[PDB]
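Engineer: Mind having a look at this structure? Questions to follow.
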Amino acid sequence: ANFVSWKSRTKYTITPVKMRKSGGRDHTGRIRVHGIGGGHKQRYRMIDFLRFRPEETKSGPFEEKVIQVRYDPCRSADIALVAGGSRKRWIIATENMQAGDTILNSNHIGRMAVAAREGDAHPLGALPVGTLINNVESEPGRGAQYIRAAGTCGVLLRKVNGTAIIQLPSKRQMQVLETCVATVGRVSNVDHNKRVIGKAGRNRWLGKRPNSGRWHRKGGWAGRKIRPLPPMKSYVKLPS
Amino acid sequence: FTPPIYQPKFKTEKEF
Amino acid sequence: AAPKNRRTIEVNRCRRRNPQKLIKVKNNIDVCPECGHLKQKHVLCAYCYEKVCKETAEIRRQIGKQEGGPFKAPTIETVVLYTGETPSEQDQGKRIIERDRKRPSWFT
Amino acid sequence: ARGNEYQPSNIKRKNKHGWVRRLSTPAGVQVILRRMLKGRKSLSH
RNA sequence: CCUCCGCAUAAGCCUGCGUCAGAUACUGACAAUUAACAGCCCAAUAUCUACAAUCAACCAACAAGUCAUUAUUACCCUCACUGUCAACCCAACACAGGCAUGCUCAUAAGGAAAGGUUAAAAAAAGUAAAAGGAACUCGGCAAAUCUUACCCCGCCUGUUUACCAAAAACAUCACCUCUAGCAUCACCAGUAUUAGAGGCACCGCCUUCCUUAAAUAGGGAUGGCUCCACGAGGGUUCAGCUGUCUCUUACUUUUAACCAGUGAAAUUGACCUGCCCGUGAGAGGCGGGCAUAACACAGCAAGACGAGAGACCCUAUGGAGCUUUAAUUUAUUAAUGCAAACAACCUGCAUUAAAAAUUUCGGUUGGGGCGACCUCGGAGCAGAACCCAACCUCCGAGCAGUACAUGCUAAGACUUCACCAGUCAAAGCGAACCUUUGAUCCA
RNA sequence: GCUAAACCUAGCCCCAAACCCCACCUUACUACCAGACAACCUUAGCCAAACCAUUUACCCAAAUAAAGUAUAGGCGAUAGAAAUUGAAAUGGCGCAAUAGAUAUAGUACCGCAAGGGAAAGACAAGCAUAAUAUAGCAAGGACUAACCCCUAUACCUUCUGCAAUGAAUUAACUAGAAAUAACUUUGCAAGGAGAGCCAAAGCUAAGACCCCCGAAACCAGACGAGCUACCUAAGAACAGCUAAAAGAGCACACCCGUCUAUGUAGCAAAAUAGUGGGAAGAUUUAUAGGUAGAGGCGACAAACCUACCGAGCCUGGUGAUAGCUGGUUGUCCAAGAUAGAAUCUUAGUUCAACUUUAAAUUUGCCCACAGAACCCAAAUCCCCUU
Ligand SMILES: [Mg+2]
Ligand SMILES: [Mg+2]
Ligand SMILES: [Mg+2]
Ligand SMILES: [Mg+2]
Ligand SMILES: [Mg+2]
Ligand SMILES: [Mg+2]
Ligand SMILES: [Mg+2]
Ligand SMILES: [Mg+2]
Ligand SMILES: [Mg+2]
Ligand SMILES: [Mg+2]
Ligand SMILES: [Mg+2]
Ligand SMILES: [Mg+2]
Ligand SMILES: [Mg+2]
Ligand SMILES: [Mg+2]
Ligand SMILES: [Mg+2]
Ligand SMILES: [Mg+2]
Ligand SMILES: [Mg+2]
Ligand SMILES: [Mg+2]
Ligand SMILES: [Mg+2]
Ligand SMILES: [Mg+2]
Ligand SMILES: [Mg+2]
Ligand SMILES: [Mg+2]
Ligand SMILES: [Mg+2]
Ligand SMILES: [Mg+2]
Ligand SMILES: [Mg+2]
Ligand SMILES: [Mg+2]
Ligand SMILES: [Mg+2]
Ligand SMILES: [Mg+2]
Ligand SMILES: [Mg+2]
Ligand SMILES: [Mg+2]
Ligand SMILES: [Mg+2]
Ligand SMILES: [Mg+2]
Ligand SMILES: [Mg+2]
Ligand SMILES: [Mg+2]
Ligand SMILES: [Mg+2]
Ligand SMILES: [Zn+2]
């Protein structure tokens, strides 16, 4: 197929980008993921997941003003247009982020624990143990990848040496260098669980389509079965 | 079902 | 139901050469004593009728020219006059259709 | 109900069976070569 | 007198009812659609752009909705080219079908249901119907009317077997289970309130009588439950309504029949093609009787084992599909292990899986289940050479005991009806001094 | 006397020899701007093995011979060398328009496509002249005489045998291809043969003998998503009333297809009329694009993927295979019959038995006695005669 990814834009921008739906299809044109197709046309707002991104020819901790908090069609979380210095960027909004609020993005690992105010980003080394966090990086400067969905919140479980133990929302422990940045608080749109789809049409609007033949293997779906050993073959299906 | 078979048109388009 | 056997030409001849299928000879054909044309007894002579139809068509063309338009049927009688004819006392107050030919012998 | 499977459109015809698409693959080039060998008046569509 | 028709665009088609001349909207010749409509574009590099739409003003949201421009640098010429017709396209057809959009909502546009006749049957559609009003029928199907009530199933709106099934089936919100801690081609420019897969079913809670006169019909005395609403679902019912029926009739149109024109198809061994009884297991044709001038036309459907298709059973060391604890593999992937190259990556060799791949379906017993049997020997079972009652009945053998010449050789014979195989055996040599199966290949 | 009937070269087959202006890859046949993707990679399977699973000949670089030998091989079906040896050089006991090329042409036409692919040019049948006469396989025996009389259960094939199969009819076309031995007739003869091979009368040569059509399939490589299924991009449509931001109600357009009737070679290879469901949505729909066959797609009906999808279509392997069905064409004569065993075998085959031909030789069949068991019938066997 003549499929070229829509994710071709190279320069970050605030303008929503026209994104092409896939239908669950590979670049080969064959269905790779079932149950995807249609839905409301959407525009993609490029999220800057690296909260500590000091502006060009600038460095050090910087503050930013929350211009607005907006619904994002491409996420469970709602996003925040936030402006600092002479630039604007989209970030993931925390639970109580409001328009006009101020946000701190620092790389400073203070000797003492920094007062953790919801919404600001500090290196994990600077946070008190037991603080709720989100938008957690795996490596310093990689960019947030974990705890990004609406209402999610990891816990800074431990800090020893230069390594911090985080409890991901799946209640799995993760080891990250304490120099990696995370933002304080739980992600916004905390009521995303309680939303009721109500009707099949709403899922169709969200772009989920009812799809069958999801396995493509001979015989379709087949649950795993325990293959009895030769000694145990005599007891597999004992008649009544 | 067996589809109908059409004879060639020339058999029936002949003219003096 | 399909035929069980081909019908023979002998059977077919017996069928399609029956007197019921043969064309009957007409015995009402005679000769029009007027013009000597063949006519059936109860039917008008074809040639004489064609004559009358052609003359009527000419008269009606003249009538159409005189009327000049639809929905112009006169509320008065009509008289056809040929070359060398003059309206009579009875033909007074009747629209005159003038024909360029002479009065036909069969017209009166 | 059936029989009208052909819904003509010159764009689709040329894009599906045209000379350029035939030459776009080695298999289609061999299609054209077979038609030329047979002597077809119309090599492509 | 008739039409959701017409006119345009799109798409498609490609000169396909313009003129003339020859033929019976055909052939040939001649002509024609004129750009303003439409198509065919942009000089780039950068950098810009959060703020829907819905009369966009209030109100109302969620499903969150392309609108891409500006600064600098280049730039000077100017209207080319192409579509433009038609009664049209896709359906083999001048096909009652398919066919996007803008306008007209009955036309200002576009058309003609009747070739002529007659007024049979049967057939189709329609209209009307005394009295009755479901008595019809599987069923109130259809028609005419307009209502009532309740069960079963599915929560609902949707989806499906294009062309016999629209459903109780599939989906579905809701819920549950399982898997996954993560970036530059799907999932996803997402990140556990996420994503993928499976199940389940919205939700919510608790843990003999009646009906009719007659009623095989109907209704009522983690699961168990709860039917709000909805349904061309499946049952039942009141009332009404009706040609469904008692029980059919009349009329109109189509069809029909006759006249004229044009003109198929399945089918067909040949036919000079009767009835009764008999035969055969079923007769137009055979036997015995009977009948019997010859042909049209219109009906009918008893026969012509009517025609054309199809169903049921059986078979084939015929296919194909499916499932597996059928057999054979693991080439390929995925894991490991060992070597190889110095962790990644990769090669080779193994092992385990996943996914697959290839292949098969013995015989006898109305079929199937559960069986039993399949070779050999002995007896029934064949009275008197042999052979045979297969199928079948009973019994026992895959030997045991003995000897270790119970060796070697060799005339002549028998034989399980073929062959294979299996038996007996004189003479001779040598020691001593017999009573139950299986080939070839391969090891 | 109509329809017809006939014709002979247009060409073709097999050999030999010889080695054979302009436009056009974009939507081809389109005068005129930033390239870069540029190719290489065991065939498989049908089939034979009477299944099938290892296996099962296939442009080779001198014919013959070695030799179907050595070898290989579920050592079986079958496959199969080499050393060595060393062949010389413009025609038709071909077709003559259903033949010979498919060919007048890869045209017309058919298909979306890949593909498929024609026809034809120079008194047969059917009818008419001239319908028919009781009764019957349509005739035969006849007869003065057509009929009347008497006799007479169509053909082919498959069944044990009549039922069943096929056949409108004419013309043309349409189906027994070969070795191991034998036999016969020549030649020469302990040798034959124009190297090789055979030879204890052989050797050399000739003559005689082994059909046609048909699956469902399998695999390879193409072609197909202008239908349909799903998806992508960017569009469009949805009156009126009720209701009020609704997978809301009634109901147009539009989409569908509940029920009935008509239609059933039809208007239609799924339509028509009425009725009915949806009709601001999980809606309908135009345009362009995408996913391709063991694959796609599927709100799962094994549904749909160009009218025939439990697995598309085309071409090729391919003249697949068929123990099954059907067919298998001059005349005449002669001989000619039921039968055991084994078999993944009982729809087949091989051996036996029977059968046919040729040949050699001498007994063969029938049978009178005599003879064939104890346990406790009819007949049969055997053979001097005849
Ligand atoms: Mg279409
Ligand atoms: Mg059609
Ligand atoms: Mg008319
Ligand atoms: Mg009429
Ligand atoms: Mg009444
Ligand atoms: Mg009743
Ligand atoms: Mg009632
Ligand atoms: Mg009754
Ligand atoms: Mg009804
Ligand atoms: Mg439902
Ligand atoms: Mg519904
Ligand atoms: Mg259906
Ligand atoms: Mg239906
Ligand atoms: Mg009842
Ligand atoms: Mg007529
Ligand atoms: Mg009888
Ligand atoms: Mg008969
Ligand atoms: Mg009759
Ligand atoms: Mg029949
Ligand atoms: Mg015995
Ligand atoms: Mg024997
Ligand atoms: Mg085989
Ligand atoms: Mg020819
Ligand atoms: Mg004749
Ligand atoms: Mg027949
Ligand atoms: Mg499409
Ligand atoms: Mg509306
Ligand atoms: Mg609605
Ligand atoms: Mg669907
Ligand atoms: Mg099912
Ligand atoms: Mg098809
Ligand atoms: Mg064959
Ligand atoms: Mg004889
Ligand atoms: Mg065996
Ligand atoms: Mg057999
Ligand atoms: Zn006269």
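Residues in the structure tokens are named by chain (A, B, ... in the order shown) and by number from 1 within that chain; ligands are numbered from 1 in the order shown.
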Excluding region 191-207 of chain E and its own-chain neighbours fewer than 3 positions away, which residues fall within 7 Å of it when counting only C-alpha atoms (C1' of nucleotides)? Please give them as a PyMOL selection string.

Structural biologist: (chain A and resi 145-152+169-170+190+192-193) or (chain E and resi 155+173-174+182+226)

Engineer: Could you pull out the helix (DSSP H, G or I) residues of region 81-240 of chain A, going by DSSP on the backbone, and write them as a VMD selection string?

Structural biologist: chain A and resid 124 to 126 190 to 194 200 to 206 230 to 235

Engineer: Do you know which residues are within 9 Å of ligand 11 using only C-alpha atoms (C1' of nucleotides) and all ligand atoms? Can you write them as number ranges by chain?

Structural biologist: E: 157-158, 230-231; F: 277-278

Engineer: Take the residues from that selection and put them in a file with N, CA and C atoms (P, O5', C5', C4', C3', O3' and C1' of nucleotides), as a PDB file, in the first residue's frame.

Structural biologist:
```pdb
ATOM      1  P     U E 157     -34.905  -2.383  19.702  1.00  0.00           P
ATOM      2  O5'   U E 157     -34.081  -1.135  19.178  1.00  0.00           O
ATOM      3  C5'   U E 157     -34.690   0.139  19.085  1.00  0.00           C
ATOM      4  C4'   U E 157     -33.768   1.141  18.450  1.00  0.00           C
ATOM      5  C3'   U E 157     -33.100   0.705  17.164  1.00  0.00           C
ATOM      6  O3'   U E 157     -33.941   0.772  16.031  1.00  0.00           O
ATOM      7  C1'   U E 157     -31.487   1.655  18.573  1.00  0.00           C
ATOM      8  P     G E 158     -33.603  -0.119  14.740  1.00  0.00           P
ATOM      9  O5'   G E 158     -32.188   0.432  14.274  1.00  0.00           O
ATOM     10  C5'   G E 158     -31.419  -0.250  13.302  1.00  0.00           C
ATOM     11  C4'   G E 158     -29.953  -0.226  13.642  1.00  0.00           C
ATOM     12  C3'   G E 158     -29.123  -1.299  12.963  1.00  0.00           C
ATOM     13  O3'   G E 158     -28.693  -0.905  11.677  1.00  0.00           O
ATOM     14  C1'   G E 158     -28.689  -1.332  15.275  1.00  0.00           C
ATOM     15  P     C E 230     -42.880   0.881  24.556  1.00  0.00           P
ATOM     16  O5'   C E 230     -41.887   0.325  23.447  1.00  0.00           O
ATOM     17  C5'   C E 230     -40.967   1.187  22.798  1.00  0.00           C
ATOM     18  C4'   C E 230     -39.837   0.406  22.182  1.00  0.00           C
ATOM     19  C3'   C E 230     -40.245  -0.742  21.284  1.00  0.00           C
ATOM     20  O3'   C E 230     -40.621  -0.320  19.988  1.00  0.00           O
ATOM     21  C1'   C E 230     -38.571  -1.474  22.764  1.00  0.00           C
ATOM     22  P     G E 231     -41.732  -1.133  19.168  1.00  0.00           P
ATOM     23  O5'   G E 231     -40.966  -2.441  18.701  1.00  0.00           O
ATOM     24  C5'   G E 231     -39.739  -2.343  17.993  1.00  0.00           C
ATOM     25  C4'   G E 231     -39.266  -3.691  17.529  1.00  0.00           C
ATOM     26  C3'   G E 231     -40.289  -4.474  16.718  1.00  0.00           C
ATOM     27  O3'   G E 231     -39.623  -5.220  15.709  1.00  0.00           O
ATOM     28  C1'   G E 231     -39.692  -5.708  18.640  1.00  0.00           C
TER      29        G E 231
ATOM     30  P     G F 277     -44.160  -0.305   9.920  1.00  0.00           P
ATOM     31  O5'   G F 277     -42.594  -0.563   9.956  1.00  0.00           O
ATOM     32  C5'   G F 277     -42.046  -1.608  10.739  1.00  0.00           C
ATOM     33  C4'   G F 277     -40.543  -1.614  10.664  1.00  0.00           C
ATOM     34  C3'   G F 277     -39.865  -0.261  10.793  1.00  0.00           C
ATOM     35  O3'   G F 277     -39.739   0.180  12.130  1.00  0.00           O
ATOM     36  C1'   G F 277     -38.967  -1.397   8.947  1.00  0.00           C
ATOM     37  P     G F 278     -39.786   1.746  12.464  1.00  0.00           P
ATOM     38  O5'   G F 278     -38.393   2.291  11.933  1.00  0.00           O
ATOM     39  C5'   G F 278     -37.180   1.850  12.514  1.00  0.00           C
ATOM     40  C4'   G F 278     -35.984   2.307  11.721  1.00  0.00           C
ATOM     41  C3'   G F 278     -35.840   3.799  11.505  1.00  0.00           C
ATOM     42  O3'   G F 278     -35.337   4.493  12.629  1.00  0.00           O
ATOM     43  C1'   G F 278     -35.481   2.700   9.472  1.00  0.00           C
TER      44        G F 278
END
```

Engineer: Give the residue list for ligand 24 at 12 Å, counting only C-alpha atoms (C1' of nucleotides) and all ligand atoms, as a list in words, sorted by chain and then by residue number.

Structural biologist: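 The residues within 12 Å of ligand 24, counting only C-alpha atoms (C1' of nucleotides) and all ligand atoms, are residues 1, 2, 3, 4, 5, 123, 124, 125, 126, 127, 128 and 170 of chain F.
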
Engineer: Write a file of the just-selected residues containing N, CA and C atoms (P, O5', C5', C4', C3', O3' and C1' of nucleotides), as a PDB file, in the first residue's frame.

Structural biologist:
```pdb
ATOM      1  P     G F   1     -37.922 -28.213 -62.108  1.00  0.00           P
ATOM      2  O5'   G F   1     -38.250 -26.723 -61.666  1.00  0.00           O
ATOM      3  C5'   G F   1     -39.517 -26.382 -61.114  1.00  0.00           C
ATOM      4  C4'   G F   1     -39.365 -25.506 -59.901  1.00  0.00           C
ATOM      5  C3'   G F   1     -37.939 -25.010 -59.671  1.00  0.00           C
ATOM      6  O3'   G F   1     -37.932 -23.710 -59.088  1.00  0.00           O
ATOM      7  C1'   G F   1     -38.637 -26.291 -57.823  1.00  0.00           C
ATOM      8  P     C F   2     -36.557 -22.880 -58.989  1.00  0.00           P
ATOM      9  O5'   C F   2     -36.622 -22.232 -57.546  1.00  0.00           O
ATOM     10  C5'   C F   2     -35.704 -22.606 -56.539  1.00  0.00           C
ATOM     11  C4'   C F   2     -36.337 -22.516 -55.180  1.00  0.00           C
ATOM     12  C3'   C F   2     -35.375 -22.478 -54.011  1.00  0.00           C
ATOM     13  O3'   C F   2     -34.913 -21.170 -53.752  1.00  0.00           O
ATOM     14  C1'   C F   2     -37.075 -24.059 -53.593  1.00  0.00           C
ATOM     15  P     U F   3     -33.353 -20.896 -53.558  1.00  0.00           P
ATOM     16  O5'   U F   3     -33.008 -21.591 -52.175  1.00  0.00           O
ATOM     17  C5'   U F   3     -33.640 -21.177 -50.976  1.00  0.00           C
ATOM     18  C4'   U F   3     -33.548 -22.238 -49.916  1.00  0.00           C
ATOM     19  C3'   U F   3     -32.152 -22.751 -49.619  1.00  0.00           C
ATOM     20  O3'   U F   3     -31.435 -21.900 -48.747  1.00  0.00           O
ATOM     21  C1'   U F   3     -33.614 -24.578 -49.885  1.00  0.00           C
ATOM     22  P     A F   4     -29.852 -21.724 -48.914  1.00  0.00           P
ATOM     23  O5'   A F   4     -29.262 -23.111 -48.415  1.00  0.00           O
ATOM     24  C5'   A F   4     -28.252 -23.783 -49.145  1.00  0.00           C
ATOM     25  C4'   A F   4     -28.616 -25.226 -49.361  1.00  0.00           C
ATOM     26  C3'   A F   4     -27.515 -26.114 -49.903  1.00  0.00           C
ATOM     27  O3'   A F   4     -26.658 -26.583 -48.882  1.00  0.00           O
ATOM     28  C1'   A F   4     -29.479 -26.459 -51.153  1.00  0.00           C
ATOM     29  P     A F   5     -25.067 -26.516 -49.053  1.00  0.00           P
ATOM     30  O5'   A F   5     -24.727 -27.778 -49.952  1.00  0.00           O
ATOM     31  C5'   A F   5     -25.410 -29.008 -49.780  1.00  0.00           C
ATOM     32  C4'   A F   5     -25.368 -29.815 -51.046  1.00  0.00           C
ATOM     33  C3'   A F   5     -24.003 -29.893 -51.693  1.00  0.00           C
ATOM     34  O3'   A F   5     -23.242 -30.929 -51.114  1.00  0.00           O
ATOM     35  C1'   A F   5     -25.646 -29.372 -53.324  1.00  0.00           C
ATOM     36  P     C F 123     -35.537 -35.221 -55.665  1.00  0.00           P
ATOM     37  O5'   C F 123     -33.970 -34.947 -55.695  1.00  0.00           O
ATOM     38  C5'   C F 123     -33.042 -36.015 -55.801  1.00  0.00           C
ATOM     39  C4'   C F 123     -31.621 -35.515 -55.775  1.00  0.00           C
ATOM     40  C3'   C F 123     -31.329 -34.400 -54.790  1.00  0.00           C
ATOM     41  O3'   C F 123     -31.165 -34.861 -53.466  1.00  0.00           O
ATOM     42  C1'   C F 123     -30.356 -33.877 -56.872  1.00  0.00           C
ATOM     43  P     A F 124     -31.494 -33.891 -52.236  1.00  0.00           P
ATOM     44  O5'   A F 124     -30.435 -34.328 -51.141  1.00  0.00           O
ATOM     45  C5'   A F 124     -30.191 -35.699 -50.888  1.00  0.00           C
ATOM     46  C4'   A F 124     -29.757 -35.902 -49.466  1.00  0.00           C
ATOM     47  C3'   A F 124     -30.774 -35.513 -48.411  1.00  0.00           C
ATOM     48  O3'   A F 124     -31.696 -36.553 -48.151  1.00  0.00           O
ATOM     49  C1'   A F 124     -28.680 -34.562 -47.882  1.00  0.00           C
ATOM     50  P     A F 125     -33.273 -36.291 -48.227  1.00  0.00           P
ATOM     51  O5'   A F 125     -33.649 -35.727 -46.792  1.00  0.00           O
ATOM     52  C5'   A F 125     -33.299 -36.425 -45.610  1.00  0.00           C
ATOM     53  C4'   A F 125     -33.062 -35.469 -44.474  1.00  0.00           C
ATOM     54  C3'   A F 125     -34.183 -34.481 -44.206  1.00  0.00           C
ATOM     55  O3'   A F 125     -35.196 -35.025 -43.386  1.00  0.00           O
ATOM     56  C1'   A F 125     -32.132 -33.327 -44.316  1.00  0.00           C
ATOM     57  P     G F 126     -36.728 -34.926 -43.827  1.00  0.00           P
ATOM     58  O5'   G F 126     -37.023 -33.369 -43.815  1.00  0.00           O
ATOM     59  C5'   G F 126     -36.940 -32.618 -42.616  1.00  0.00           C
ATOM     60  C4'   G F 126     -37.051 -31.150 -42.905  1.00  0.00           C
ATOM     61  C3'   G F 126     -38.304 -30.736 -43.650  1.00  0.00           C
ATOM     62  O3'   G F 126     -39.398 -30.529 -42.780  1.00  0.00           O
ATOM     63  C1'   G F 126     -36.409 -29.783 -44.689  1.00  0.00           C
ATOM     64  P     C F 127     -40.734 -31.394 -42.936  1.00  0.00           P
ATOM     65  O5'   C F 127     -41.668 -30.473 -43.826  1.00  0.00           O
ATOM     66  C5'   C F 127     -41.707 -30.630 -45.231  1.00  0.00           C
ATOM     67  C4'   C F 127     -41.614 -29.306 -45.934  1.00  0.00           C
ATOM     68  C3'   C F 127     -42.485 -29.163 -47.167  1.00  0.00           C
ATOM     69  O3'   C F 127     -43.810 -28.788 -46.854  1.00  0.00           O
ATOM     70  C1'   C F 127     -40.291 -28.493 -47.684  1.00  0.00           C
ATOM     71  P     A F 128     -45.044 -29.478 -47.602  1.00  0.00           P
ATOM     72  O5'   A F 128     -44.988 -28.878 -49.071  1.00  0.00           O
ATOM     73  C5'   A F 128     -45.127 -27.485 -49.296  1.00  0.00           C
ATOM     74  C4'   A F 128     -44.875 -27.137 -50.740  1.00  0.00           C
ATOM     75  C3'   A F 128     -45.655 -27.940 -51.767  1.00  0.00           C
ATOM     76  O3'   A F 128     -46.965 -27.448 -51.965  1.00  0.00           O
ATOM     77  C1'   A F 128     -43.389 -27.842 -52.401  1.00  0.00           C
ATOM     78  P     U F 170     -30.307 -39.066 -40.068  1.00  0.00           P
ATOM     79  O5'   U F 170     -29.802 -37.946 -41.069  1.00  0.00           O
ATOM     80  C5'   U F 170     -30.436 -37.748 -42.319  1.00  0.00           C
ATOM     81  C4'   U F 170     -29.811 -36.597 -43.053  1.00  0.00           C
ATOM     82  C3'   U F 170     -28.299 -36.635 -43.144  1.00  0.00           C
ATOM     83  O3'   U F 170     -27.849 -37.433 -44.218  1.00  0.00           O
ATOM     84  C1'   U F 170     -28.987 -34.502 -42.423  1.00  0.00           C
TER      85        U F 170
END
```

Engineer: Ligand 23: which residues are within 8 Å, counting only C-alpha atoms (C1' of nucleotides) and all ligand atoms? Reply as an MDAnalysis selection string.

Structural biologist: chainID F and resid 97:100 102:103

Engineer: For the atom pair CA of residue 14 (chain A) and CA of residue 101 (chain A), what is the interatomic distance in Å to one decimal place?

Structural biologist: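 Between CA of residue 14 (chain A) and CA of residue 101 (chain A) the gap works out to 19.2 Å.
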
Engineer: To check your reading of the model: which residues sit at most 12 Å from ligand 10 when counting only C-alpha atoms (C1' of nucleotides) and all ligand atoms? Write the answer as a list in words.

Structural biologist: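 Residues lying within 12 Å of ligand 10: residues 153, 154, 155, 156, 157, 158, 159, 166, 167, 168, 169, 170, 171, 172, 230, 231 and 233 of chain E.
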
Engineer: Grab the CA of residue 198 (chain A) to CA of residue 34 (chain A) distance for me, in Å with one decimal place.

Structural biologist: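 Straight-line distance from CA of residue 198 (chain A) to CA of residue 34 (chain A) works out to 22.0 Å.
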
Engineer: What are the residues of chain E that have an atom within 12 Å of an atom of chain B, counting only C-alpha atoms (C1' of nucleotides), as a ChimeraX atom specification?

Structural biologist: /E:26,92,163,309

Engineer: Only N, CA and C atoms (P, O5', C5', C4', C3', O3' and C1' of nucleotides), please: the residues just picked out, written as a PDB file, in the first residue's frame.

Structural biologist:
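Now in part_35.pdb:
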```
ATOM      1  P     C E  26     -30.364   3.964 -37.868  1.00  0.00           P
ATOM      2  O5'   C E  26     -30.816   2.691 -38.713  1.00  0.00           O
ATOM      3  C5'   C E  26     -30.236   1.411 -38.492  1.00  0.00           C
ATOM      4  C4'   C E  26     -30.009   0.680 -39.793  1.00  0.00           C
ATOM      5  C3'   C E  26     -28.887   1.221 -40.667  1.00  0.00           C
ATOM      6  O3'   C E  26     -27.620   0.701 -40.304  1.00  0.00           O
ATOM      7  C1'   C E  26     -30.837   0.957 -41.972  1.00  0.00           C
ATOM      8  P     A E  92     -26.805  -8.376 -19.359  1.00  0.00           P
ATOM      9  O5'   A E  92     -26.585  -7.444 -20.626  1.00  0.00           O
ATOM     10  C5'   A E  92     -25.289  -7.229 -21.161  1.00  0.00           C
ATOM     11  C4'   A E  92     -25.198  -7.707 -22.586  1.00  0.00           C
ATOM     12  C3'   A E  92     -26.284  -7.207 -23.522  1.00  0.00           C
ATOM     13  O3'   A E  92     -25.995  -5.928 -24.054  1.00  0.00           O
ATOM     14  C1'   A E  92     -26.063  -9.546 -23.752  1.00  0.00           C
ATOM     15  P     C E 163     -31.125 -10.307  -1.876  1.00  0.00           P
ATOM     16  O5'   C E 163     -31.371 -11.507  -2.886  1.00  0.00           O
ATOM     17  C5'   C E 163     -32.480 -12.381  -2.735  1.00  0.00           C
ATOM     18  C4'   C E 163     -32.129 -13.795  -3.120  1.00  0.00           C
ATOM     19  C3'   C E 163     -30.910 -14.385  -2.417  1.00  0.00           C
ATOM     20  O3'   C E 163     -31.105 -15.787  -2.278  1.00  0.00           O
ATOM     21  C1'   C E 163     -30.564 -14.438  -4.724  1.00  0.00           C
ATOM     22  P     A E 309     -32.224 -31.037 -16.801  1.00  0.00           P
ATOM     23  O5'   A E 309     -32.814 -31.626 -15.441  1.00  0.00           O
ATOM     24  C5'   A E 309     -32.337 -31.176 -14.175  1.00  0.00           C
ATOM     25  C4'   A E 309     -33.290 -30.194 -13.540  1.00  0.00           C
ATOM     26  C3'   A E 309     -32.812 -29.553 -12.241  1.00  0.00           C
ATOM     27  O3'   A E 309     -33.306 -28.217 -12.166  1.00  0.00           O
ATOM     28  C1'   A E 309     -34.823 -30.713 -11.847  1.00  0.00           C
TER      29        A E 309
END
```

Engineer: For chain D, list the residues within 9 Å of chain F, counting only C-alpha atoms (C1' of nucleotides), and write the list as a ChimeraX atom specification.

Structural biologist: /D:1-20,23-24,27-28,31,38-41,44-45

Engineer: Report as an NGL selection string which protein, DNA and RNA residues come within 12 Å of ligand 5, using only C-alpha atoms (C1' of nucleotides) and all ligand atoms.

Structural biologist: :E and (128-133 or 144 or 241-243 or 245-249)

Engineer: Please identify all polymer residues within 12 Å of residue 426 (chain E), counting only C-alpha atoms (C1' of nucleotides), omitting same-chain residues fewer than 5 positions from it, and present them as a PyMOL selection string.

Structural biologist: chain E and resi 410-413

Engineer: For ligand 13, list the contacting residues at 10 Å or closer, counting only C-alpha atoms (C1' of nucleotides) and all ligand atoms, as a PyMOL selection string.

Structural biologist: (chain E and resi 161+164-166) or (chain F and resi 257-259)

Engineer: Just how far from CA of residue 7 (chain C) is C1' of residue 166 (chain F), in Å to one decimal?

Structural biologist: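 A separation of 20.6 Å between them.
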
Engineer: Residues within 10 Å of ligand 22 should be enumerated using only C-alpha atoms (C1' of nucleotides) and all ligand atoms and returned as a PDB file with C-alpha atoms (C1' of nucleotides), in the first residue's frame.

Structural biologist:
```pdb
ATOM      1  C1'   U E 317      -7.675 -48.073  -1.769  1.00  0.00           C
TER       2        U E 317
ATOM      3  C1'   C F  47       1.279 -38.132 -11.514  1.00  0.00           C
ATOM      4  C1'   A F  48       3.548 -43.707 -10.555  1.00  0.00           C
ATOM      5  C1'   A F  49       4.047 -46.583  -6.459  1.00  0.00           C
ATOM      6  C1'   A F  50      -2.858 -49.459  -7.866  1.00  0.00           C
ATOM      7  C1'   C F  51      -3.566 -45.396  -0.600  1.00  0.00           C
ATOM      8  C1'   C F  52       0.629 -42.774   0.930  1.00  0.00           C
ATOM      9  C1'   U F  56       8.725 -41.607  -9.114  1.00  0.00           C
ATOM     10  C1'   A F  77       7.475 -48.699  -8.069  1.00  0.00           C
ATOM     11  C1'   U F 321      -5.767 -38.864 -12.704  1.00  0.00           C
TER      12        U F 321
END
```
